[PDB]
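> Input: one structure, supplied below.
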Amino acid sequence: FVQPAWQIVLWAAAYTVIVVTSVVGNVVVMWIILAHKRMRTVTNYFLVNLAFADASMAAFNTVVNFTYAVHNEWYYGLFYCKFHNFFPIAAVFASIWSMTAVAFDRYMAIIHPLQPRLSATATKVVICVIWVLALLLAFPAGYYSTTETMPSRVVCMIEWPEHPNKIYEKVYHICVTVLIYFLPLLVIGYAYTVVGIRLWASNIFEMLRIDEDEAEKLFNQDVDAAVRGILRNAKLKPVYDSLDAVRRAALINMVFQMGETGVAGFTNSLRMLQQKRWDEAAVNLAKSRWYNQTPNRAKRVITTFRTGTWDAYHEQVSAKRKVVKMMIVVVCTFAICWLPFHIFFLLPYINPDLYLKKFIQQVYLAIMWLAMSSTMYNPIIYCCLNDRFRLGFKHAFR
Ligand SMILES: C[C@@H](O[C@H]1OCCN(Cc2nc(=O)[nH][nH]2)[C@H]1c1ccc(F)cc1)c1cc(C(F)(F)F)cc(C(F)(F)F)c1
């Protein structure tokens, strides 16, 4: 029953913010990639499709969807009634599956580099298929939309054929919710977790392979035998228990080079690590005869004890790591923005009366604002994280 003018003008301002920031931002992003085109990569060519879909939904739907919510009267006739219910499903499908396409491309490059699935001509075919499938799934929702003429007003509502329980409308609604949200988010989730583990994480067998024609190494057995020996030694066991997985590997790396008895000698450095004085321990171990003879290896073991990370056994300036951080943020934004929207339309199946009660109009306006804002965050994410994109937007200033 809450209907104040002070609120309506305030909402329209918050809503127009979406339209302006989504058209400007995404067109600049489209521009940056498409021309120069000295930056036209498989990942970026997909991002262009996502930039189009975003700027597109914002132009067409934000205006029409806000007016109807506020006024409860359809002003744009049967054609735009059908179109405003068709295009959002097509635009959301094309966006989420373009995101998946970038995830597949990174996975195939990080995980399977010998098999190349990157092709210029094919990218256009993928973007082509994405849109064919998108407009097909959106079609039934557009088909059944119609305007009912009444004495006081014109109403835009979607009415499916009269079935004994009208199961088709519900099934379709559920399927759309899967293809547009749950299914691709699961797929994107899987790729970036495997790729996340490969780019950031490592292990003792990888470490020992680096630090240590000719036969192959036999670490598999020796690593478990090194662990058994450390837990037998009274000078080494307490230190080892206090250490995390990454630091435990640094201690075993040394036992592999000097041996249990040799490593047991660094009494002070070992009491420092136990006490968790990483920087202090790192300074002391650098003064050893171990460091003087093998500085490169010793520098790697020391920096592992100090940082508690695999940073020493991975390239310093990594461009592959920057893009994955960007894309993960973009996906998590989508997931956050669309969840209340999907829950909102999913509830009439649990409690039908709960929806047609209280002042849900103020809620639907808050829920619909978040969903539509997903359309503007992407250019901001590209500038906040990536070096070239922020220089590109900087170049678009007069
Ligand atoms: C067109 C509209 O659809 C909803 O409003 C009408 C009823 N409709 C249930 C229905 N009954 C049918 O028979 N067909 N659809 C709703 C619905 C349909 C599919 C869903 F997954 C969730 C809700 C819609 C869809 C999305 C999308 F695509 F993101 F979901 C985004 C937006 C916007 F952002 F512009 F507000 C608007």
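In the structure tokens, the first chain shown is A, the next is B, and so on; residue numbers restart at 1 for each chain, and ligands run from 1 in the order shown.
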When you look at stretch 143-158 of chain A with a cut-off of 10 Å (counting only C-alpha atoms), what residues show up, excluding the ones that are within fewer than 2 positions of it in the same chain? I need them as number ranges by chain.
A: 68, 72-86, 138-141, 160-161, 169
> Per residue of stretch 184-258 of chain A within 10 Å of stretch 272-290 of chain A, which atom pair is closest and at what distance in Å (one decimal), using only C-alpha atoms, listed by chain and increasing number, as CSV?

residue,atom,partner,partner_atom,distance
A:238,CA,A:274,CA,7.6
A:239,CA,A:274,CA,5.0
A:240,CA,A:274,CA,8.0
A:241,CA,A:274,CA,8.7
A:242,CA,A:274,CA,5.9
A:243,CA,A:274,CA,7.2
A:247,CA,A:273,CA,9.1
A:254,CA,A:290,CA,9.5
A:257,CA,A:290,CA,9.5
A:258,CA,A:290,CA,8.6
> Limited to N, CA, C and O atoms, could you put the picked residues into a file as an mmCIF file, in the first residue's frame?

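File produced: out06.cif:
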data_model
loop_
_atom_site.group_PDB
_atom_site.id
_atom_site.type_symbol
_atom_site.label_atom_id
_atom_site.label_comp_id
_atom_site.auth_asym_id
_atom_site.auth_seq_id
_atom_site.Cartn_x
_atom_site.Cartn_y
_atom_site.Cartn_z
ATOM 1 N N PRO A 238 59.229 -31.796 16.432
ATOM 2 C CA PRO A 238 58.389 -30.676 16.911
ATOM 3 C C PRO A 238 58.223 -29.522 15.921
ATOM 4 O O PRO A 238 57.124 -28.970 15.811
ATOM 5 N N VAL A 239 59.299 -29.191 15.178
ATOM 6 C CA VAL A 239 59.302 -28.123 14.179
ATOM 7 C C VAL A 239 58.293 -28.467 13.093
ATOM 8 O O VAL A 239 57.383 -27.684 12.836
ATOM 9 N N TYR A 240 58.443 -29.669 12.502
ATOM 10 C CA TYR A 240 57.635 -30.225 11.420
ATOM 11 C C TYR A 240 56.126 -30.217 11.689
ATOM 12 O O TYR A 240 55.341 -29.934 10.775
ATOM 13 N N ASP A 241 55.728 -30.521 12.939
ATOM 14 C CA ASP A 241 54.328 -30.539 13.362
ATOM 15 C C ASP A 241 53.717 -29.132 13.350
ATOM 16 O O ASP A 241 52.567 -28.977 12.944
ATOM 17 N N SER A 242 54.502 -28.108 13.759
ATOM 18 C CA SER A 242 54.086 -26.698 13.789
ATOM 19 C C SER A 242 53.905 -26.097 12.381
ATOM 20 O O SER A 242 53.176 -25.113 12.212
ATOM 21 N N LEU A 243 54.590 -26.674 11.385
ATOM 22 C CA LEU A 243 54.586 -26.161 10.023
ATOM 23 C C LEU A 243 53.377 -26.554 9.210
ATOM 24 O O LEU A 243 52.881 -27.670 9.344
ATOM 25 N N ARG A 247 55.357 -25.026 4.092
ATOM 26 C CA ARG A 247 56.594 -24.955 4.873
ATOM 27 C C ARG A 247 57.163 -26.331 5.193
ATOM 28 O O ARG A 247 58.388 -26.486 5.278
ATOM 29 N N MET A 254 65.256 -29.680 2.019
ATOM 30 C CA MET A 254 66.565 -29.561 2.654
ATOM 31 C C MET A 254 67.092 -30.930 3.056
ATOM 32 O O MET A 254 68.259 -31.216 2.807
ATOM 33 N N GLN A 257 68.645 -32.620 0.256
ATOM 34 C CA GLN A 257 69.937 -32.070 -0.137
ATOM 35 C C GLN A 257 71.065 -32.337 0.891
ATOM 36 O O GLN A 257 72.172 -32.687 0.493
ATOM 37 N N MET A 258 70.788 -32.184 2.193
ATOM 38 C CA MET A 258 71.768 -32.349 3.279
ATOM 39 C C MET A 258 71.601 -33.618 4.114
ATOM 40 O O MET A 258 72.570 -34.104 4.691
#
> For stretch 47-63 of chain A, list every protein, DNA or RNA residue within 9 Å, evaluated using only C-alpha atoms, and leave out those in the same chain fewer than 2 positions away; present the list as a ChimeraX atom specification.
/A:15-16,18-20,22-27,29-31,33-34,42-45,65-68,84-85,87-88,90-92,94-99,102,127,372-376,378-379
> Name the residues of stretch 105-191 of chain A that fall into strand (DSSP E or B) according to DSSP on the backbone, using the chain letters and numbers of this document, as a VMD selection string.
chain A and resid 145 to 149 154 to 158
> Can you work out which one of A:397, A:338, A:349, A:205 has the shortest atom-to-atom distance to ligand 1, counting only C-alpha atoms and all ligand atoms?
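So, comparing all the options, the nearest one is A:338.
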> Choose the residue, out of A:266, A:1, A:168, A:389, that has the smallest atom-to-atom separation from ligand 1; count only C-alpha atoms and all ligand atoms.
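Comparing A:266, A:1, A:168, A:389 against ligand 1, the winner is A:168.
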> What does the structure give for the distance between atom CA of residue A:244 and atom CA of residue A:307, in Å to one decimal?
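Atom CA of residue A:307 lies 11.4 Å from atom CA of residue A:244.
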> Mind giving me the straight-line distance from atom CA of residue A:121 to atom CA of residue A:189 in Å, one decimal?
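Separation between atom CA of residue A:121 and atom CA of residue A:189: 27.1 Å.
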> Between A:310, A:291, A:344, A:46, which has the minimum distance to ligand 1 (counting only C-alpha atoms and all ligand atoms)?
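Selected residue with least distance to ligand 1: A:344.
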> I'd like to know which residues of stretch 117-239 of chain A are helix (DSSP H, G or I) (by DSSP, run on the backbone); could you write them as JSON, numbers by chain?
{"A": [120, 121, 122, 123, 124, 125, 126, 127, 128, 129, 130, 131, 132, 133, 134, 135, 136, 137, 138, 139, 140, 141, 142, 143, 167, 168, 169, 170, 171, 172, 173, 174, 175, 176, 177, 178, 179, 180, 181, 182, 183, 184, 185, 186, 187, 188, 189, 190, 191, 192, 193, 194, 195, 196, 197, 198, 199, 200, 204, 205, 206, 207, 208, 209, 210, 211, 219, 220, 221, 222, 223, 224, 225, 226, 227, 228, 229, 230, 237, 238, 239]}
